[PDB]
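Take a look at this one chain, the form solved without the partner chain, written out in structure tokens.
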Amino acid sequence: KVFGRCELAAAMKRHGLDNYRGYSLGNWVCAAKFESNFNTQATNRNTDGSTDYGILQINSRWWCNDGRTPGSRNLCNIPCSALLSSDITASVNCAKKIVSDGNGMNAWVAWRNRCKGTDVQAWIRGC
């Protein structure tokens, strides 16, 4: 599915992302916009043989297992296929692990380049 902006903000808040590990909700909504354009089924292949999966573009080298990535570590202990559900539970639960690993939201390239440093609370305004 393709979420609306406020629709995803409300779902992300129900799943505990607002202020999680120091990151207000607007960070997570901005990240999803620029990572996946709010589509739970987005996928993107990378030069190292990994693929990024779902609404938050979670990577198959470090975080989820897709069975075809060399050097897999599966640190979220989840098949990547579950991250293409229209229900965001599995993606959120893995995102919480990623953002707790010691480098904040810098795991999300689109967030680092296109959200960080902007007024991210604009992404929840009006919701």
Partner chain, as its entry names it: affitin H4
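Numbering follows the first chain given and starts at 1.
Omission of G102 is seen in a third or more of the other entries compared for this protein where the adjacent residues are built. Once the C-alpha B-factors are averaged per stretch, 68-76 and 51-59 rank with 68-76 first. As recorded in the PDB entry, 41-49 is the stretch of 88-96 and 41-49 with the greater mean C-alpha temperature factor. Split the chain's modelled residues into thirds by C-alpha temperature factor. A107 is in the highest one.
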